[PDB]
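Here the Cβ is made from the backbone with ideal geometry for all residues, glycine too, and neighbour counts use every protein chain on show. Please treat every number below as a calculation from the coordinates, not as lab data.
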Amino acid sequence: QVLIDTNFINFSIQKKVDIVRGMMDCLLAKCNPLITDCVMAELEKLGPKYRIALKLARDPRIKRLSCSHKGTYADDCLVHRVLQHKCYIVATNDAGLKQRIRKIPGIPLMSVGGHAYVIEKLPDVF
Amino acid sequence: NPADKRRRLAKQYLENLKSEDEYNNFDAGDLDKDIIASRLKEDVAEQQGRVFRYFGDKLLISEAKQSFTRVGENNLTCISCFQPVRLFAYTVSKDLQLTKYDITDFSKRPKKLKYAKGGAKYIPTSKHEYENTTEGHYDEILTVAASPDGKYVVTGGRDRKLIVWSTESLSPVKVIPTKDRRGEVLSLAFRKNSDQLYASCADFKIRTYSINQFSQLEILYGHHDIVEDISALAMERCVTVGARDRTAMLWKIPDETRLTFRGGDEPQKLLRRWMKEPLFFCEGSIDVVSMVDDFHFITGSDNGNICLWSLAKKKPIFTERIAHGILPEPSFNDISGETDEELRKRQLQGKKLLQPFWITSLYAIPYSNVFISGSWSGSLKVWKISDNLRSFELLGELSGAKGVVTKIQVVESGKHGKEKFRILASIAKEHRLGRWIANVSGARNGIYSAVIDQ
Amino acid sequence: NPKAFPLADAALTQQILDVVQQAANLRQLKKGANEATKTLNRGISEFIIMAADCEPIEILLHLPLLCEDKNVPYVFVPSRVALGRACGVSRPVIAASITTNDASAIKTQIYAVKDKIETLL
Amino acid sequence: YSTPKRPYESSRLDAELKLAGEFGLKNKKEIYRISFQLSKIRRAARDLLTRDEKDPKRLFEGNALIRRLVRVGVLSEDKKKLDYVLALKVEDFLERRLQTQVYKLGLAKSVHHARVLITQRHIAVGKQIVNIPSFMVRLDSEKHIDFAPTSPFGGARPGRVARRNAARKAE
Amino acid sequence: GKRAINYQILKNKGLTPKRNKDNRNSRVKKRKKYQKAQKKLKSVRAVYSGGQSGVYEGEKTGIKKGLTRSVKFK
Amino acid sequence: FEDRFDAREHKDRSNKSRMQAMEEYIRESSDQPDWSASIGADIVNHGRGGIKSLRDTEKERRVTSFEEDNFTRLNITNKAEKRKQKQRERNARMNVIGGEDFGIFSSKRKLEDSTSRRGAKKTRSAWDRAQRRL
Amino acid sequence: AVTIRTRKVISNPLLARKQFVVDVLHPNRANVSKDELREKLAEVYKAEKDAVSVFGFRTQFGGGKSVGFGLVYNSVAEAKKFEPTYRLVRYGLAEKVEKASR
RNA sequence: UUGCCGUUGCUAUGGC
Ligand SMILES: [Zn+2]
């Protein structure tokens, strides 16, 4: 189960990768993608330029969590809920969030690179 | 519909493989191989013999002369017989004694001839698995087998030995150990009109021997529980059944290959089949076999099934669900320990813990139309197989054998249209492998002989 | 509700008895009532099988209270004779226990039977 | 076989450390070989999921793949679905090798005792003495792994050390 | 009269450092660096050893009433 | 024009369409047993090779049948062995895992194109498909 | 103790011969011991020990079994006629050497 | 008709 954020969705649509099919042929496993309410709040706050990205995040195949905090800082929410539990893949393309996630141990990181998704800290990919 | 599409695409596939009755219909390679068939020798052992003795309804049933000769041996275990082409029989017990009988005095009970009793004297002085070359049995002789020619009897049991005794004196001529720690033998069968023995050992192993050469031919592997029973005919095929893996295998022993046959009765679909309008259920353990002919055999299960199997069908052709009854439920004075009959009846849960008798002996007369089943219901059952070979049916019962039937086999007399047989059945008060058997209801350790006629 | 309540039907009974036989071959089965209660209070047990037709029934009904205390699955097979025959000994047993082991070659089968009897229970 | 993408990240090093230590492996090539062909297996099962229901390829190659995976023994009999082939992984494959299986059946005291039993030929599945440790036993050869009858841990004649000590103590 | 060659001219292992018997086998090295690793794992985590062995003797190492080793949320 | 004797059209091919997934489904739904070996007898070089695949034991059975049938040992013919034995054993240790070949799942070859979807009984009429059903 | 099994016994009257396949069984022995095998074959069939012959021996892996090709003659003279000269050099009586030049 | 023991038959049964 993979936590998505907003620039990962934007780079997915910019590189024409499907979310669940890109995840499946990246990991060769069955993926459950998760949009937290703060990532969804960030996509809605991005305005009416990003309508395509918002209604591709509105997808019944993409399940969605319910964050319980004030504010819509998705990087704080993703970092907290991943270092609490260590049962999550983080799909992101922010340089700062990528550095945070790859500094906390045991957390695999997925990112749009080239024309498909790549995964780094998951040691069983083939 | 996905299974319909699977069947349809498989049908189209087979049609396409055919793609890649006239007056001339001859094929060159087939007729050349038939010329080689006309050239060859040995149309003797390899008869694919079908059922040529159709006499099931013919002979009498209900008025057999039944003599239950009780013997003083705790828990007789096996029975071996012999006919040349005087007849001797053999019994063996849990008291480590083999006993030779004469049986040819047909109208009366058998006659004791000779003991051969092992004991604590025969424990080896090593506890080392390949110097097990003593001359007697120190533990639990489970099976005897007489030679088809009658020079030897060969016996073995839980002391992982094969001792081959001479017939005329009951003397151990040769000892062959099974060379490993769990190598207890559980069934022995000579192939008919031969000198080749097939023993089934609890290492998931089947050993084969030539007795008059004192040699082992081939060890063949492949069951998944202990090979509880074995059966063979004149062909070099063999049929074994392992207990809890619920499969019966038959072995091309020169090729060392097999055909497996699993069970597969489920109370869900069976109770639905009855629900279209009932105490029957799944399967515990396939226990006993006898190869009726070289295309069919019959298996005795642990839930009282008797099943009839062909050489050309994985799933069985015919079932018979309850073959000896369901056991008497434990009494209300021996279930609960309360005071009132209402709670002691509530501790029976209705019908949920009634368990069926399990068929612990099955014998098909070779190539014939009739087989005999036995358990501790007290009454042997005689069944005949229908002439189209797709069913069998209960003819009659033989109700003079109180106890577990650890072995059934028959002894022939009379000519091609007028025949009489004595059915030997070893009767004990305890199963031939472990004890497990309570409610010993008037049992005795004896030999139930019946004389059936016409 | 009888005393020997969570009884298994025939398919579950044969699944239970097959994994009992395999654990008895793999030395992972402690058989008998007081050996079962010994391994139960020691905590090395994955599920306990009681037979629901022995000559008293409270003789093994002492064990469901222990299993409940320590949260261990317990299941009632309707034949002590078949249970002993599956255990591989020459006598009927009335209770048996599958001890825990992680160098065990039947761990998936034991876990599947545990899940089946726990959804039963 | 083939090397992984990032072969030197610390998760991969601790992964291979746990795998080689828990299964007694000699180097990285065991993990890399069995993971390469597992990658082929579930890269195929991914495509069998990306095609639809009632596709001929999906029906026939799917039940073919799960039946020969069940007969290799990495997949149990009841999960006859095709997403469990994706849930499959590398230690499910190298729990099936003969060294792991000899230790789990208890003919040896550790995986290293199992490896030296196998390479010293005391272990025979079925009829033949197997002597390489990475053998991938199947669900029918799972129960005939026993000591070879040609070996002193079976029932055979004891080896040279035992018989030379017996002879020198007889002198 | 045959001046046979010896081991240092034969195998020609000129001037090597002292090396390891555990490095002479690739399998025993990973056996002994996994034993080291799973002895270090007892230091970082607390490892489930297998439950209560005999009678509960006590904590055998101390009880700290000030330390709380539990993960707080956010 | 005129006829010309064509052994390539009255020769038994049966191998352009022999697919292992269809054959495995037929072995599953066959309802007659399959002649499997006693379980140790089919591994090859003490485990240095594989077990052996189903096609390899079929080919071995054919070779031993021809062997006993005309009393001749086969040989170490260099060109054919340097092709077939080495390429066969290297793809065996590539794709045969535990007696089962998984090479097919890594291979593009359409099932329904060649081996399904009948060509002779194509039923290109509504009336012909109606008579083929009824 | 070695053990013998003949299979698929056919008769060749054109070569005055009877031929078959030979499953030779030697548990805990090395191999077929071909002269002793000709003895055992010549006594299970009729006498003709210089007219019984075996040539095609293949032992399977792990020992125990070996499949050979057995052909037995009547009339040792016509066996000498019909057998090839290298097998006669191997087993029987013939010995003619080739001229060693060039 | 057997390891004992009981009815036994002048042969069948039943308790360990
Ligand atoms: Zn949030």
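Brief remarks on what is shown
- Proximal charge balance of residue C:91 [Cβ under 12 Å; K/R count +1, D/E count -1]: +3
- Inter-site label distance for residue A:59 and residue G:1 at 7 Å from Cα along Cβ, in nm: 7.6 nm
- Counting, for every residue in C:99-112, the Cβ atoms of other protein chains within 10 Å of its Cβ and taking the mean gives 3.
- Distance between the pseudo-spin-label points of residue B:351 and residue F:36 (7 Å out from Cα toward the beta carbon): 3.7 nm.
- Alpha carbon Rg of chain E, scaled by the compact-globule rule 2.2 N^0.38 Å: 2.27
- Dividing the summed -39500 (n - 2.57) terms of all DSSP H runs of n ≥ 4 by the residue count of chain D sets its mean residue ellipticity at 222 nm at -16000 deg cm²/dmol.
- Per residue Cα convex hull volume in Å³ - calculated over region G:3-102: 128 Å³
- For region A:1-55, convex hull of alpha carbons as volume per residue, Å³: 71 Å³
- Cα long-axis angle, helix E:26-44 against chain E (0 to 90 degrees, to the nearest 10): 20 degrees
- Residue mean of other protein chain beta carbons inside 10 Å, E:23-31: 4
- In terms of the mean number of neighbouring beta-carbon atoms within 10 Å, the peptides B:217-225, C:103-111 order highest first as B:217-225, C:103-111.
- Region D:157-171 - phi-based ³J(HN,Hα) in whole Hz, Karplus 6.51/-1.76/1.60, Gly and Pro as x: 5, x, x, 5, 5, 5, 6, 6, 5, 5, 5, 6, 6, 7, 9
- For q = 0.18, 0.21, 0.23, 0.24 Å⁻¹, Debye-computed log10 I/I(0) when each Cα of region B:254-362 counts as one equal scatterer: -0.95, -1.13, -1.24, -1.29
- With R₀ set to 60 Å, the beta-carbon distance separating residue A:103 from residue F:26 gives a calculated FRET efficiency near 0.60.
- Here's the picture: a label point sits 7 Å out from the Cα of residue A:45 along the beta-carbon direction, and within region A:92-125 the residues with their amide nitrogen under 19 Å of it are A:92-98.
- Relative to the globular-protein estimate of 2.2 N^0.38 Å, the Cα radius of gyration of chain A stands at 0.97.
- Whichever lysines have a C-alpha closer than 21 Å to that of residue B:127, once near sequence neighbours (fewer than 8 apart) are set aside: B:161, B:174, B:179, D:169
- In terms of surrounding Cβ atoms within a 10 Å radius of their Cβ, D:84, D:8 rank from fewest to most as D:8, D:84.
- Scalar couplings 3J(HN,Hα) for region B:268-275, obtained by applying the Karplus form with A = 6.51, B = -1.76, C = 1.60 to θ = phi - 60°, are 5, 6, 6, 6, 6, 4, 7, 6 Hz; x denotes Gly and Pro.
- Simple label model, 7 Å out from Cα along Cβ direction - residue B:413 to residue G:93, nm: 6.0 nm
- Exercise: per-residue mean of other protein chain Cβ atoms within 10 Å, D:134-145: 6
- Phi-derived couplings, Karplus 6.51 cos²θ - 1.76 cosθ + 1.60 at θ = phi - 60°, listed residue by residue for region F:115-120: 9, 9, 6, 2, x, 6 Hz, with x used for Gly and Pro.
- Think of chain D as having a plus end and a minus end, set by charges on the Cβ of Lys, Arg, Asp and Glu; of D:139, D:118, D:73, D:118 sits farthest toward the positive end of this dipole.
- Cα pair distances of chain C binned at 10 Å [whole percent]: 15, 53, 31, 2
- Here the Debye sum runs over all C-alpha atoms of chain B as equal scatterers in vacuum, and log10 of I(q)/I(0) at q = 0.07, 0.08, 0.14 Å⁻¹ comes out as -0.40, -0.52, -1.39.
- Sites residue E:70 and residue D:50, calculated FRET efficiency, Cβ-Cβ separation with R0 45 Å, nearest 0.05: 0.55
- Semi-axis lengths (Å, descending) of the ellipsoid that matches the C-alpha gyration tensor of chain F: 36, 23, 17
- Rounded tilt (10° steps) of F:78-95 against the dominant C-alpha axis of chain F: 80 degrees
- For region C:25-119, GluC sites (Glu not before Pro) meeting the loop criterion (DSSP other than H, G, I, E, B) and having at most 13 other Cβ atoms within 10 Å: none.
- Length gained when the stretch residue D:18-residue D:57 is fully extended (0.36 nm per residue, less Cα-Cα span): 10.3 nm
- Of every Cα-Cα pair in the protein assembly as shown, the percent that sits beyond 50 Å: 40 percent
- Per-q log10 I(q)/I(0), region D:7-171, q = 0.15, 0.16, 0.17 Å⁻¹ (Debye; single scatterer per alpha-carbon; no solvent): -0.90, -0.98, -1.05
- Legend: calculated FRET efficiency, residue E:32 to residue F:74, from the Cβ-Cβ distance at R0 = 60 Å, rounded to 0.05, equals 0.75.
- Inter-centroid distance (Cα atoms) of region G:2-31 relative to region B:15-54, Å: 25 Å
- For chain G, the longest principal axis of the alpha carbon atoms and the long axis of helix G:34-44 meet at an angle near 80°.
- Rg/Rh (Cα only; Kirkwood hydrodynamic radius) as it applies to region B:82-174: 1.01
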